[PDB]
Amino acid sequence: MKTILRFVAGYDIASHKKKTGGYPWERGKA
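Residues numbered from 1 in each chain as written, not as in the entry; some residues may be left out. Heavy atoms only, no water.

S.K.: Help me out: how do you make sense of the overall build of the protein chain in this one?
M.R.: Check the secondary structure of the protein chain and you find one helix and zero strands. With the C-alpha coordinates aligned to their principal axes, the bounding extent of the protein chain is approximately 30 × 25 × 5 Å. Taking all 30 residues of the protein chain together, 0% fall into the buried category. Total accessible area on the protein chain is roughly 3,500 Å²; 59% of this is exposed by carbon and sulfur atoms. (Helix = DSSP H or I, 4+ residues; strand = E, 2+ residues; numbered from the N terminus. Buried < 20%, exposed > 50% of the residue type's maximum accessible area, 1.4 Å probe, protein only. Areas by Shrake-Rupley, 256 points an atom, 1.4 Å probe, with all protein chains shown as cover.)

S.K.: What should I look at first to understand the packing of aromatic side chains in this one?
M.R.: This structure, assessed with the given rule, holds one aromatic pair. Aromatic side chains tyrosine 23 and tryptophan 25 sit 5.2 Å apart centroid to centroid with 70° between the ring planes, which places their arrangement in the edge-to-face category. Just as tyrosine 23 is exposed, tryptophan 25 falls in that class too. (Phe/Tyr/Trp six-rings, centres within 6.5 Å; stacked < 30°, edge-to-face > 60°.)

Geometry only, nothing functional implied.
Following this line, the structure appears as structure tokens:
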């Protein structure tokens, strides 16, 4: 239905696991 789902599906898991970098898609300038 939405390939993007597979992406966000990980965020919900990263929020509990650990967070240290910035953004789920924006790791840096590029």
